[PDB]
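See below for the structure under consideration.
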Amino acid sequence: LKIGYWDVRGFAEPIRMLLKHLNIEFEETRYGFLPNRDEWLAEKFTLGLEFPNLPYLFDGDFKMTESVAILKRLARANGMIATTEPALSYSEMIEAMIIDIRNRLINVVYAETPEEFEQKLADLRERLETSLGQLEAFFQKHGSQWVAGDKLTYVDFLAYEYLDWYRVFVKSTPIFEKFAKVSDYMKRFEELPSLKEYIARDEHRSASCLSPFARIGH
Amino acid sequence: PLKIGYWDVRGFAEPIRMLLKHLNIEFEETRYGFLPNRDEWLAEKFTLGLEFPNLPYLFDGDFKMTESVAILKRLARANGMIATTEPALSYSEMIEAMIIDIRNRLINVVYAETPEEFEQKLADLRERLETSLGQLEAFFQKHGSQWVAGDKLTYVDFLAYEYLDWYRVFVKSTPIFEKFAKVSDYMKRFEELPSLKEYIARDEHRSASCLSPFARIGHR
């Protein structure tokens with residue numbers, strides 16, 4: 001069981017967290033980087049990936065890419081995903097929403113002045129405020145401990161990680177504190193006795209969220 | 001008892017429409033119309049009981065959700081149009097995410113914020129398409145399957161066709177599809193499905209704008 005990705009959190013961290021939570025031992029290739037992409041581009045087309053990319057998964061003799069596709073494959077094989085409706089519908093609805101919140105950040109900090117950049121960052125905070133508002137309302141309405149319900153599933157791993165990025169390097173912590181249930185949700189994930197330790201370790205705490213090719217997050 | 005709501009174009013709802021037309025399931029539709037504005041949709045937006053108000057939205061009995069993809073899969077699960085076993089599902093969700101990236105690259109361009117910088121962005125998109133489409137060709141070559149998930153048609157093929165078709169329609173990309181013979185065969189195969197053969201030829205689909213007029217291109 002092997003995972004490949006840059007030596008950062010990035011799109012692979014939710015997967016790293018799922019396995020850590022599940023106590024499943026796995027091996028890693030943390031490609032490093034003035035910085036370049038040569039450590040990865042050396043192995044890129046030699047790994048038998050049908051659509052070479054990062055992160056990539058070696059699962060026995062099976063191989064695949066796409067961060068969310070990988071996370072769910074593992075979740076299914078470990079009972080970490082909703083298998084019934086409407087729970088599963090909620091999961092994939094929030095999945096898509098959490099990935100929209102992530103990509104708005106990605107598309108900004110990976111694009112082609114300094115005061116226009118901060119402008120685009122302040123816009124991400126306003127859209128975030130909105131999103132967390134609707135999300136606060138969702139926890140209030142259903143009263144579920146987690147996204148899909150009372151049990152932890154893959155969607156919560158995507159949620160915590162990509163919403164945390166905003167706290168780390170988008171100065172969004174005060175926006176999280178505005179909403180009571182969302183702030184306790186994040187705190188609950190951190191306090192997960194299964195993950196409480198890994199999250200504290202150098203791998204997650206002191207590591208960069210994004211590659212140095214992003215204008216921020218490193 | 002089903003109801004779909006979306007702009008009066010193809011957009012992110014067309015795959016949902018096609019899946020339902022393919023399944024021959026009857027459903028109701030609110031097609032929000034539109035110088036053009038969004039007021040029609042904005043008048044109903046926060047009155048429909050959606051937890052995360054957005055287009056497209058779905059009504060299923062008393063159930064209410066958003067997100068175009070999450071909707072397509074919900075309907076496909078209850079009507080046997082999605083792999084339920086590994087590895088077929090891993091392939092589906094891998095190629096799902098990949099197709100949505102191709103879609104989003106286009107989307108992120110056709111929304112604002114010079115015509116030459118823009119013509120360049122489109123030309124960048126076509127080169128990136130050639131790359132991705134070359135990979136899909138290899139996939140269909142390695143796996144001699146008629147569809148993305150194997151021998152049977154599933155939700156992912158509706159995503160693939162609809163969004164890859166957009167490039168052909170208004171991003172001048174038909175020649176790129178012609179370079180890759182398995183992919184070109186794959187596209188046309190979808191158009192010659194007895195269930196969707198007619199519908200894809202009807203004005204509803206063919207003679208309908210792909211995106212809203214708020215995009216710089218992809219509309220009439």
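Ordering of the structure tokens sets the chain letters (A, B, ...), residue numbers begin anew at 1 in every chain, and ligands are numbered from 1 in the order given.
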Could you please tell me, as a ChimeraX atom specification, which residues of chain B have an atom within 10 Å of chain A when using only C-alpha atoms?
/B:50-53,63-71,73-75,77-78,85-87,89-98,104-105,108,132,134-136,138-139,142
So that I can check the surroundings of residue A:216, please list as a short mmCIF file (atom, residue, chain, number, x, y, z; two decimals) with C-alpha atoms, in the first residue's frame every protein, DNA and RNA residue that reaches within 9 Å of it, counting only C-alpha atoms and ignoring chain neighbours fewer than 3 positions away.
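Now in selection_33.cif:
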data_model
loop_
_atom_site.label_atom_id
_atom_site.label_comp_id
_atom_site.auth_asym_id
_atom_site.auth_seq_id
_atom_site.Cartn_x
_atom_site.Cartn_y
_atom_site.Cartn_z
CA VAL A 109 -2.97 31.14 -5.31
CA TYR A 110 -1.88 29.17 -8.41
CA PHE A 169 -2.87 30.91 5.53
CA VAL A 170 -6.06 32.83 4.71
CA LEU A 210 0.72 23.70 -0.47
CA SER A 211 3.76 23.46 -2.72
CA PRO A 212 6.16 26.43 -2.96
CA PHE A 213 4.82 27.05 -6.47
#
Can you tell me, as a compact mmCIF listing (two decimals) with N, CA and C atoms, in the first residue's frame, which residues in stretch 3-214 of chain A count as alpha helix (DSSP H) by DSSP?
# COMPACT_ATOMS: atom_id res chain seq x y z
N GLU A 13 -3.43 14.88 2.06
CA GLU A 13 -3.51 14.88 3.52
C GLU A 13 -4.80 14.25 4.06
N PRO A 14 -5.94 14.47 3.39
CA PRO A 14 -7.16 13.78 3.82
C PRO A 14 -7.01 12.26 3.75
N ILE A 15 -6.27 11.78 2.75
CA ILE A 15 -6.02 10.35 2.61
C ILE A 15 -5.05 9.88 3.69
N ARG A 16 -4.00 10.67 3.92
CA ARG A 16 -3.04 10.36 4.97
C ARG A 16 -3.75 10.28 6.32
N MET A 17 -4.72 11.17 6.52
CA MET A 17 -5.46 11.22 7.78
C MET A 17 -6.43 10.04 7.91
N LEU A 18 -7.02 9.61 6.81
CA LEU A 18 -7.95 8.49 6.85
C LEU A 18 -7.24 7.23 7.31
N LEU A 19 -6.06 6.98 6.74
CA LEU A 19 -5.31 5.77 7.05
C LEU A 19 -4.77 5.82 8.48
N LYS A 20 -4.30 6.99 8.89
CA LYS A 20 -3.81 7.19 10.26
C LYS A 20 -4.92 6.90 11.26
N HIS A 21 -6.11 7.41 10.98
CA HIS A 21 -7.29 7.16 11.80
C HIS A 21 -7.64 5.68 11.85
N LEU A 22 -7.47 4.99 10.73
CA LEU A 22 -7.84 3.58 10.62
C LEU A 22 -6.74 2.64 11.09
N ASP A 38 11.37 18.30 -10.76
CA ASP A 38 12.10 17.20 -11.37
C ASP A 38 12.05 15.86 -10.63
N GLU A 39 11.91 15.87 -9.31
CA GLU A 39 11.86 14.61 -8.58
C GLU A 39 10.61 13.83 -8.96
N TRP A 40 9.54 14.56 -9.23
CA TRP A 40 8.27 13.97 -9.63
C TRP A 40 8.25 13.64 -11.12
N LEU A 41 8.71 14.57 -11.94
CA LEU A 41 8.68 14.39 -13.39
C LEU A 41 9.62 13.27 -13.84
N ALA A 42 10.53 12.86 -12.96
CA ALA A 42 11.41 11.73 -13.26
C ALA A 42 10.63 10.43 -13.21
N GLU A 43 9.72 10.32 -12.24
CA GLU A 43 8.94 9.11 -12.05
C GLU A 43 7.55 9.19 -12.67
N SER A 67 -7.47 12.62 -5.98
CA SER A 67 -7.44 12.63 -4.52
C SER A 67 -8.73 12.15 -3.87
N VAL A 68 -9.87 12.56 -4.42
CA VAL A 68 -11.15 12.20 -3.83
C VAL A 68 -11.54 10.78 -4.22
N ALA A 69 -11.19 10.39 -5.45
CA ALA A 69 -11.44 9.03 -5.93
C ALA A 69 -10.69 8.02 -5.07
N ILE A 70 -9.49 8.38 -4.65
CA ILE A 70 -8.66 7.51 -3.83
C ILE A 70 -9.22 7.42 -2.42
N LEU A 71 -9.58 8.57 -1.86
CA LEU A 71 -10.09 8.63 -0.49
C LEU A 71 -11.33 7.76 -0.30
N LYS A 72 -12.22 7.77 -1.29
CA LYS A 72 -13.48 7.03 -1.21
C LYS A 72 -13.28 5.53 -1.44
N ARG A 73 -12.33 5.18 -2.31
CA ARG A 73 -12.00 3.78 -2.54
C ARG A 73 -11.61 3.13 -1.22
N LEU A 74 -10.75 3.81 -0.48
CA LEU A 74 -10.26 3.31 0.79
C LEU A 74 -11.37 3.30 1.83
N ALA A 75 -12.15 4.38 1.87
CA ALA A 75 -13.26 4.49 2.80
C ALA A 75 -14.25 3.33 2.63
N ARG A 76 -14.61 3.04 1.38
CA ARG A 76 -15.52 1.93 1.09
C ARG A 76 -14.96 0.61 1.61
N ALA A 87 -28.24 9.65 3.66
CA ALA A 87 -26.93 9.95 4.24
C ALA A 87 -25.86 10.09 3.17
N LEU A 88 -25.85 9.18 2.21
CA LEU A 88 -24.84 9.20 1.16
C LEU A 88 -25.04 10.40 0.24
N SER A 89 -26.29 10.78 0.01
CA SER A 89 -26.59 11.96 -0.80
C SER A 89 -26.04 13.22 -0.15
N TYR A 90 -26.19 13.32 1.16
CA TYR A 90 -25.66 14.45 1.93
C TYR A 90 -24.14 14.48 1.82
N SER A 91 -23.52 13.30 1.87
CA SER A 91 -22.07 13.18 1.83
C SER A 91 -21.51 13.75 0.53
N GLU A 92 -22.09 13.34 -0.59
CA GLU A 92 -21.57 13.74 -1.90
C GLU A 92 -21.95 15.18 -2.24
N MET A 93 -23.03 15.67 -1.65
CA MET A 93 -23.42 17.07 -1.81
C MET A 93 -22.41 17.97 -1.10
N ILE A 94 -22.08 17.63 0.14
CA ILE A 94 -21.12 18.42 0.89
C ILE A 94 -19.70 18.22 0.34
N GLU A 95 -19.40 17.01 -0.12
CA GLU A 95 -18.12 16.74 -0.78
C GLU A 95 -17.87 17.73 -1.90
N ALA A 96 -18.87 17.90 -2.76
CA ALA A 96 -18.74 18.77 -3.92
C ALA A 96 -18.64 20.22 -3.48
N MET A 97 -19.31 20.54 -2.39
CA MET A 97 -19.31 21.90 -1.86
C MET A 97 -17.97 22.22 -1.20
N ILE A 98 -17.42 21.25 -0.48
CA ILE A 98 -16.13 21.43 0.18
C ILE A 98 -15.02 21.54 -0.86
N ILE A 99 -15.18 20.84 -1.98
CA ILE A 99 -14.19 20.88 -3.04
C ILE A 99 -14.29 22.20 -3.82
N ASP A 100 -15.48 22.79 -3.86
CA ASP A 100 -15.64 24.11 -4.45
C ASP A 100 -14.95 25.16 -3.60
N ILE A 101 -15.08 25.03 -2.28
CA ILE A 101 -14.43 25.96 -1.35
C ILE A 101 -12.92 25.83 -1.45
N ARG A 102 -12.44 24.61 -1.66
CA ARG A 102 -11.01 24.36 -1.79
C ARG A 102 -10.46 24.96 -3.08
N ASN A 103 -11.15 24.72 -4.18
CA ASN A 103 -10.67 25.12 -5.50
C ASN A 103 -10.65 26.63 -5.70
N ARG A 104 -11.58 27.34 -5.07
CA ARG A 104 -11.58 28.79 -5.14
C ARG A 104 -10.27 29.33 -4.57
N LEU A 105 -9.78 28.68 -3.52
CA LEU A 105 -8.50 29.03 -2.92
C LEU A 105 -7.36 28.66 -3.87
N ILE A 106 -7.42 27.45 -4.40
CA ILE A 106 -6.39 26.93 -5.29
C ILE A 106 -6.22 27.78 -6.54
N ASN A 107 -7.34 28.06 -7.21
CA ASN A 107 -7.31 28.84 -8.45
C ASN A 107 -6.74 30.24 -8.29
N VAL A 108 -6.85 30.80 -7.09
CA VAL A 108 -6.32 32.13 -6.82
C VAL A 108 -4.81 32.07 -6.61
N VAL A 109 -4.37 31.19 -5.71
CA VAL A 109 -2.97 31.14 -5.31
C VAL A 109 -2.06 30.38 -6.29
N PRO A 114 0.19 43.11 -6.13
CA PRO A 114 0.04 42.59 -4.77
C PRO A 114 -1.28 42.98 -4.12
N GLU A 115 -1.82 44.14 -4.47
CA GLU A 115 -3.06 44.62 -3.87
C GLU A 115 -4.29 44.05 -4.59
N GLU A 116 -4.08 43.47 -5.76
CA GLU A 116 -5.16 42.77 -6.46
C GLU A 116 -5.25 41.35 -5.92
N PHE A 117 -4.12 40.81 -5.50
CA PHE A 117 -4.06 39.47 -4.94
C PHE A 117 -4.78 39.44 -3.59
N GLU A 118 -4.48 40.42 -2.74
CA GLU A 118 -5.14 40.53 -1.44
C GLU A 118 -6.63 40.77 -1.61
N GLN A 119 -6.98 41.48 -2.68
CA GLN A 119 -8.38 41.70 -3.03
C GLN A 119 -9.06 40.36 -3.29
N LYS A 120 -8.39 39.50 -4.04
CA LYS A 120 -8.93 38.18 -4.36
C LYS A 120 -8.97 37.29 -3.12
N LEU A 121 -8.11 37.57 -2.14
CA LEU A 121 -8.11 36.81 -0.90
C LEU A 121 -9.26 37.24 0.01
N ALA A 122 -9.52 38.54 0.06
CA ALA A 122 -10.61 39.06 0.87
C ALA A 122 -11.95 38.57 0.31
N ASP A 123 -11.99 38.33 -0.99
CA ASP A 123 -13.18 37.80 -1.64
C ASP A 123 -13.41 36.35 -1.22
N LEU A 124 -12.33 35.61 -1.05
CA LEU A 124 -12.41 34.21 -0.62
C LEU A 124 -12.94 34.11 0.80
N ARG A 125 -12.64 35.13 1.61
CA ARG A 125 -13.08 35.16 3.00
C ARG A 125 -14.57 35.49 3.09
N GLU A 126 -15.03 36.34 2.19
CA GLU A 126 -16.44 36.71 2.16
C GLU A 126 -17.28 35.51 1.69
N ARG A 127 -16.79 34.80 0.67
CA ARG A 127 -17.47 33.61 0.17
C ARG A 127 -17.39 32.49 1.21
N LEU A 128 -16.30 32.47 1.97
CA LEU A 128 -16.14 31.51 3.05
C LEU A 128 -17.17 31.76 4.15
N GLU A 129 -17.24 33.01 4.60
CA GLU A 129 -18.23 33.45 5.58
C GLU A 129 -19.62 32.95 5.20
N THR A 130 -19.98 33.15 3.93
CA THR A 130 -21.26 32.69 3.41
C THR A 130 -21.39 31.18 3.56
N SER A 131 -20.41 30.45 3.02
CA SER A 131 -20.42 28.99 3.05
C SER A 131 -20.56 28.43 4.46
N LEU A 132 -19.75 28.93 5.39
CA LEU A 132 -19.80 28.44 6.76
C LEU A 132 -21.13 28.78 7.42
N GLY A 133 -21.78 29.83 6.93
CA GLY A 133 -23.09 30.21 7.43
C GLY A 133 -24.12 29.15 7.09
N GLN A 134 -24.15 28.77 5.82
CA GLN A 134 -25.06 27.73 5.35
C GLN A 134 -24.72 26.38 6.00
N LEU A 135 -23.44 26.20 6.32
CA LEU A 135 -22.98 24.96 6.93
C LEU A 135 -23.35 24.92 8.41
N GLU A 136 -23.24 26.07 9.07
CA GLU A 136 -23.67 26.20 10.46
C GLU A 136 -25.15 25.86 10.56
N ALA A 137 -25.92 26.33 9.58
CA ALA A 137 -27.35 26.08 9.53
C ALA A 137 -27.64 24.59 9.33
N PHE A 138 -26.74 23.90 8.64
CA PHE A 138 -26.92 22.49 8.33
C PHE A 138 -26.72 21.62 9.56
N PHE A 139 -25.75 21.98 10.41
CA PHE A 139 -25.51 21.25 11.64
C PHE A 139 -26.62 21.52 12.65
N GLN A 140 -27.15 22.74 12.62
CA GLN A 140 -28.23 23.13 13.52
C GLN A 140 -29.50 22.35 13.18
N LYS A 141 -29.76 22.23 11.88
CA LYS A 141 -30.99 21.61 11.40
C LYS A 141 -31.03 20.11 11.69
N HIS A 142 -29.92 19.42 11.42
CA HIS A 142 -29.88 17.96 11.51
C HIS A 142 -29.35 17.48 12.86
N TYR A 154 -15.48 9.66 5.25
CA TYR A 154 -14.48 10.31 4.42
C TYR A 154 -14.71 11.82 4.24
N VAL A 155 -15.97 12.22 4.17
CA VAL A 155 -16.31 13.61 3.85
C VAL A 155 -15.80 14.55 4.94
N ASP A 156 -15.74 14.06 6.17
CA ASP A 156 -15.27 14.86 7.28
C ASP A 156 -13.78 15.14 7.16
N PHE A 157 -13.05 14.22 6.53
CA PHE A 157 -11.62 14.38 6.34
C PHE A 157 -11.32 15.44 5.29
N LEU A 158 -12.12 15.47 4.23
CA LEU A 158 -12.02 16.52 3.23
C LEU A 158 -12.42 17.85 3.85
N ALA A 159 -13.43 17.81 4.71
CA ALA A 159 -13.98 19.02 5.32
C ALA A 159 -12.96 19.72 6.21
N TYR A 160 -12.49 19.01 7.23
CA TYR A 160 -11.55 19.58 8.19
C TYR A 160 -10.31 20.14 7.50
N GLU A 161 -9.69 19.33 6.66
CA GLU A 161 -8.43 19.70 6.02
C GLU A 161 -8.55 20.97 5.19
N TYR A 162 -9.46 20.97 4.23
CA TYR A 162 -9.56 22.06 3.27
C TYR A 162 -10.16 23.33 3.88
N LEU A 163 -10.95 23.17 4.93
CA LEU A 163 -11.44 24.33 5.67
C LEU A 163 -10.34 24.86 6.59
N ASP A 164 -9.42 23.99 6.99
CA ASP A 164 -8.32 24.39 7.86
C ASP A 164 -7.33 25.28 7.11
N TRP A 165 -7.11 24.97 5.83
CA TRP A 165 -6.21 25.75 4.99
C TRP A 165 -6.50 27.24 5.11
N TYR A 166 -7.79 27.57 5.17
CA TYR A 166 -8.21 28.96 5.30
C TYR A 166 -7.75 29.54 6.63
N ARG A 167 -7.82 28.75 7.69
CA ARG A 167 -7.35 29.19 9.00
C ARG A 167 -5.84 29.41 8.97
N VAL A 168 -5.12 28.46 8.38
CA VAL A 168 -3.66 28.49 8.37
C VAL A 168 -3.09 29.71 7.64
N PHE A 169 -3.47 29.88 6.37
CA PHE A 169 -2.87 30.91 5.53
C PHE A 169 -3.87 31.78 4.76
N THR A 173 -9.58 32.28 10.78
CA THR A 173 -9.96 31.77 12.10
C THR A 173 -11.11 32.56 12.75
N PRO A 174 -11.07 33.90 12.70
CA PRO A 174 -12.16 34.67 13.31
C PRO A 174 -13.51 34.38 12.65
N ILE A 175 -13.48 34.03 11.37
CA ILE A 175 -14.70 33.74 10.63
C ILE A 175 -15.28 32.39 11.06
N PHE A 176 -14.41 31.49 11.52
CA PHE A 176 -14.85 30.21 12.05
C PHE A 176 -15.48 30.38 13.42
N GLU A 177 -14.90 31.28 14.21
CA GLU A 177 -15.36 31.51 15.58
C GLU A 177 -16.75 32.14 15.62
N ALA A 180 -20.93 28.81 15.91
CA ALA A 180 -20.71 27.96 17.08
C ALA A 180 -20.48 26.49 16.74
N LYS A 181 -21.39 25.91 15.97
CA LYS A 181 -21.35 24.47 15.69
C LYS A 181 -20.20 24.10 14.75
N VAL A 182 -19.89 24.97 13.80
CA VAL A 182 -18.79 24.73 12.87
C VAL A 182 -17.46 24.75 13.63
N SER A 183 -17.34 25.62 14.62
CA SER A 183 -16.10 25.74 15.38
C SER A 183 -15.90 24.53 16.28
N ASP A 184 -16.99 23.96 16.77
CA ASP A 184 -16.93 22.78 17.62
C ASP A 184 -16.69 21.54 16.77
N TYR A 185 -17.22 21.56 15.55
CA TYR A 185 -17.01 20.48 14.59
C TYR A 185 -15.52 20.29 14.32
N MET A 186 -14.86 21.38 13.93
CA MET A 186 -13.42 21.36 13.68
C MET A 186 -12.66 20.90 14.92
N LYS A 187 -13.08 21.40 16.08
CA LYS A 187 -12.44 21.03 17.34
C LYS A 187 -12.65 19.55 17.63
N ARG A 188 -13.80 19.02 17.25
CA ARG A 188 -14.10 17.61 17.47
C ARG A 188 -13.19 16.72 16.64
N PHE A 189 -12.94 17.11 15.40
CA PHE A 189 -12.07 16.34 14.51
C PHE A 189 -10.65 16.28 15.07
N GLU A 190 -10.14 17.43 15.50
CA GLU A 190 -8.83 17.51 16.12
C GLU A 190 -8.74 16.64 17.37
Run DSSP on the backbone and tell me which residues of stretch 4-193 of chain A come out as strand (DSSP E or B); list them as a PDB file with N, CA and C atoms, in the first residue's frame.
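See part.pdb below for the written result:
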ATOM      1  N   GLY A   4       1.691   8.453  -3.140  1.00  0.00           N
ATOM      2  CA  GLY A   4       2.647   9.394  -3.696  1.00  0.00           C
ATOM      3  C   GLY A   4       2.076  10.798  -3.697  1.00  0.00           C
ATOM      4  N   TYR A   5       2.909  11.776  -3.354  1.00  0.00           N
ATOM      5  CA  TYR A   5       2.515  13.180  -3.383  1.00  0.00           C
ATOM      6  C   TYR A   5       3.723  14.052  -3.062  1.00  0.00           C
ATOM      7  N   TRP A   6       3.561  15.363  -3.208  1.00  0.00           N
ATOM      8  CA  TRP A   6       4.599  16.308  -2.815  1.00  0.00           C
ATOM      9  C   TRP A   6       4.828  16.240  -1.310  1.00  0.00           C
ATOM     10  N   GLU A  27       3.138   2.953   3.104  1.00  0.00           N
ATOM     11  CA  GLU A  27       4.421   3.531   2.734  1.00  0.00           C
ATOM     12  C   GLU A  27       4.166   4.769   1.880  1.00  0.00           C
ATOM     13  N   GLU A  28       5.142   5.674   1.833  1.00  0.00           N
ATOM     14  CA  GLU A  28       4.966   6.958   1.159  1.00  0.00           C
ATOM     15  C   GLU A  28       6.130   7.334   0.254  1.00  0.00           C
ATOM     16  N   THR A  29       5.811   8.093  -0.788  1.00  0.00           N
ATOM     17  CA  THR A  29       6.815   8.775  -1.587  1.00  0.00           C
ATOM     18  C   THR A  29       6.510  10.264  -1.526  1.00  0.00           C
ATOM     19  N   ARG A  30       7.286  10.986  -0.722  1.00  0.00           N
ATOM     20  CA  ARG A  30       7.147  12.431  -0.614  1.00  0.00           C
ATOM     21  C   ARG A  30       8.159  13.119  -1.519  1.00  0.00           C
ATOM     22  N   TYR A  31       7.750  13.390  -2.753  1.00  0.00           N
ATOM     23  CA  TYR A  31       8.614  14.069  -3.709  1.00  0.00           C
ATOM     24  C   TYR A  31       8.975  15.467  -3.222  1.00  0.00           C
ATOM     25  N   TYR A  56      -1.046   9.779  -6.134  1.00  0.00           N
ATOM     26  CA  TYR A  56      -1.327   8.496  -6.771  1.00  0.00           C
ATOM     27  C   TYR A  56      -1.367   7.393  -5.717  1.00  0.00           C
ATOM     28  N   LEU A  57      -2.088   6.316  -6.019  1.00  0.00           N
ATOM     29  CA  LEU A  57      -2.263   5.209  -5.085  1.00  0.00           C
ATOM     30  C   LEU A  57      -1.765   3.894  -5.673  1.00  0.00           C
ATOM     31  N   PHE A  58      -0.995   3.159  -4.876  1.00  0.00           N
ATOM     32  CA  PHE A  58      -0.717   1.754  -5.145  1.00  0.00           C
ATOM     33  C   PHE A  58      -1.494   0.932  -4.126  1.00  0.00           C
ATOM     34  N   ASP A  59      -2.502   0.205  -4.599  1.00  0.00           N
ATOM     35  CA  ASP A  59      -3.342  -0.618  -3.735  1.00  0.00           C
ATOM     36  C   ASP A  59      -3.236  -2.068  -4.191  1.00  0.00           C
ATOM     37  N   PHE A  62      -3.410  -2.720  -7.881  1.00  0.00           N
ATOM     38  CA  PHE A  62      -4.284  -1.700  -8.447  1.00  0.00           C
ATOM     39  C   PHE A  62      -3.666  -0.315  -8.284  1.00  0.00           C
ATOM     40  N   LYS A  63      -3.833   0.522  -9.305  1.00  0.00           N
ATOM     41  CA  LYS A  63      -3.237   1.855  -9.320  1.00  0.00           C
ATOM     42  C   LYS A  63      -4.218   2.896  -9.846  1.00  0.00           C
ATOM     43  N   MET A  64      -4.252   4.057  -9.195  1.00  0.00           N
ATOM     44  CA  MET A  64      -5.156   5.132  -9.593  1.00  0.00           C
ATOM     45  C   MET A  64      -4.665   6.487  -9.092  1.00  0.00           C
TER      46      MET A  64
END
Taking 3 positions as the minimum chain separation for residues in the same chain, which residues sit within 9 Å of stretch 190-195 of chain B when counting only C-alpha atoms? Answer as a PyMOL selection string.
chain B and resi 21-24+157-158+161+185-187+198-201
